[PDB]
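I have placed the structure first, in the form of structure tokens, so that the comments after it can refer back to it.
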2 protein chains.
Amino acid sequence: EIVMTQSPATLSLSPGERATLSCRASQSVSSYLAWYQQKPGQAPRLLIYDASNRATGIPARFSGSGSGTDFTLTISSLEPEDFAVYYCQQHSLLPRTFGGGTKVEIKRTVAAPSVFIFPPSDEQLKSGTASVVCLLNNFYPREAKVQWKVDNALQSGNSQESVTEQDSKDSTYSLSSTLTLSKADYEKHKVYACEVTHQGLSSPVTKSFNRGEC
Amino acid sequence: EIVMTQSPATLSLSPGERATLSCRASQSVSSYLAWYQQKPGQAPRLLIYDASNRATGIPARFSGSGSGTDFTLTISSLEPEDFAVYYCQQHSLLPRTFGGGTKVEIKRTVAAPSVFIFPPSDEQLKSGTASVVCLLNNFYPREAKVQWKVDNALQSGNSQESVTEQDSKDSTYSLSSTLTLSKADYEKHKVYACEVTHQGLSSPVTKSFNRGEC
């Protein structure tokens, strides 16, 4: 059970020069591991098969080194179709541990989320529930906060968030914490504010409404 | 202190024939009392000075009889300018008791109030109070009810009503119970219904809204 530690946790790079990646082993694998291309929603694909040697139709730019503890994966000529979660994985020891995950993002600039809270529908009040949805939209990076305020009461646990993938078009993100409440706790209050703290935001943006306003 | 009891309390007559009125004494006044024409918002005017004899410019139609306990006042040729509160008043005994009041209305037909509840303003919520105003409008007669419902709670005492005079034009009426509440008791509820029961109404009409709807 040799722990494989990938030294870049994630990476963001606007498409360009060498974007070399790293994975370390807990022991001496000695050039007996492989590199992988798990694309989002896809089957993984072999990049490097034994610490180098550029497996079977890999285009021009995906060398790597190692031998035998801390291994490298050189993304030299970035080619932005290659934005995928990458994986070192030892093989010549059982059981066969994978790496951690090497989500390669894009580094445009830090942008502000266009924050949009949404009341639950009256159809949801016909369902006897209430889910307040606070948008974040068209921003960078994912490093955000949502602090729900229920007549200005800092609440969580009733709220499930939702992270879009990074867009191919504008490299942005979109969040939605979903403050799912009962209808009874919904009727107890009106001021439903959503304190959103993001780096592109200068302030913790509190997007609010009143129960029955919109 | 001879009690003067006017036998018609009020009267309603679409303009026409003899509209004779009555007042009774507790003792024998013996033709020593007078008839009066307190118009709305006006000074009273003498109609008959001693049980008959048609005082000093009274037009053609305002005779009366008596002598000496139960006296009459004949409005024979109605002339609808004469719609005023009328008064017997003894004089030849001290103290000089008046009658009860003889509001002469018009008898068009029984009509239904056009009922319109009104939320308090948010400016009233800026004042820290709340007064819910439920209209009645363009009806006949004044015999109406208002039953306030605060998330359907039959309330009163927080409500002051307001009776228009009978119109010269369409002989109608208009009411407004004013459910004056605190802002705190206002915020406790939404369903602000106004059960209006009138004769022109076939049903007890409950005009409602929700706090924050309109």
Task: Efficiency of FRET from Cβ geometry, A:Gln155 and B:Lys107, R₀ 56 Å, rounded to 0.05 - done: 0.30
Task: Long-range amide H partners of B:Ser22 with built H, under 5 Å - done: B:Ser7, B:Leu73
Open item on the list: Quick check for me: using +1 on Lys/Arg Cβ and -1 on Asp/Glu Cβ, what's the dipole size of the protein assembly as shown about its Cα centre, in debye to the nearest 20?
Closed with: 80
Open item on the list: Quick check: convex hull over the Cα atoms of the protein assembly as shown, volume per residue in Å³, rounded to an integer?
Closed with: 219
- [ ] Given a cut-off of 20 Å, name the pairs among B:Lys126/B:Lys149; B:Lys145/B:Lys190; A:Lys188/B:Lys188 whose C-alpha atoms lie farther apart than that in the structure shown.
- [x] B:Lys126/B:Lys149; B:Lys145/B:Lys190
Task: Cross-link partners of A:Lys39 among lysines (Cα-Cα below 18 Å; sequence separation of 8 or more within a chain) - done: A:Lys103, A:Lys169
- [ ] Can you give me the three principal axis dimensions of chain A from its C-alpha atoms, in Å, biggest first?
- [x] 65, 37, 27
Task: Residues A:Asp82, B:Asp122, B:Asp167, sorted so that the one with the fewest Cβ neighbours within 10 Å comes first - done: B:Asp122, B:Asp167, A:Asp82
Task: FRET efficiency, 1/(1 + (r/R0)^6) with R0 30 Å, evaluated for B:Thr164 and B:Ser77 via beta carbons - done: 0.60
Open item on the list: What value in Å³ per residue do you get for the convex hull of the alpha-carbon atoms in segment A:128-182?
Closed with: 83
Open item on the list: How many angstrom lie between the Cα centre of segment B:1-41 and the Cα centre of segment A:171-195?
Closed with: 70
- [ ] Could you work out how far the C-alpha centroid of segment A:118-136 sits from that of segment A:61-86, in angstrom?
- [x] 45
- [ ] Using R₀ = 56 Å, calculate the FRET efficiency as 1/(1 + (r/R₀)^6) where r is the Cβ-Cβ separation of A:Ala9 and B:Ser127; round to 0.05.
- [x] 0.50
- [ ] Would you calculate, for chain B, the mean residue ellipticity at 222 nm contributed by helices, counting each DSSP H stretch of 4 or more residues as -39,500 (n - 2.57) and dividing by all residues, to the nearest 500?
- [x] -1000 deg cm²/dmol
TODO: Obtain the nm distance between the two label points defined at A:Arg54 and A:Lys188 by a simple spin-label model: each point lies 7 Å from its Cα along the Cα-to-C-beta direction.
DONE: 6.5
Task: Sparsely packed trypsin sites (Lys or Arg not before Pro) within segment A:133-208, loop by DSSP, other Cβ within 10 Å at most 10 - done: A:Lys169
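Note that each Cβ is placed from the backbone with ideal geometry, even for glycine, and that neighbours are counted across all protein chains shown. Every number in this text was worked out from the coordinates using simple rules, so none of it is lab data.
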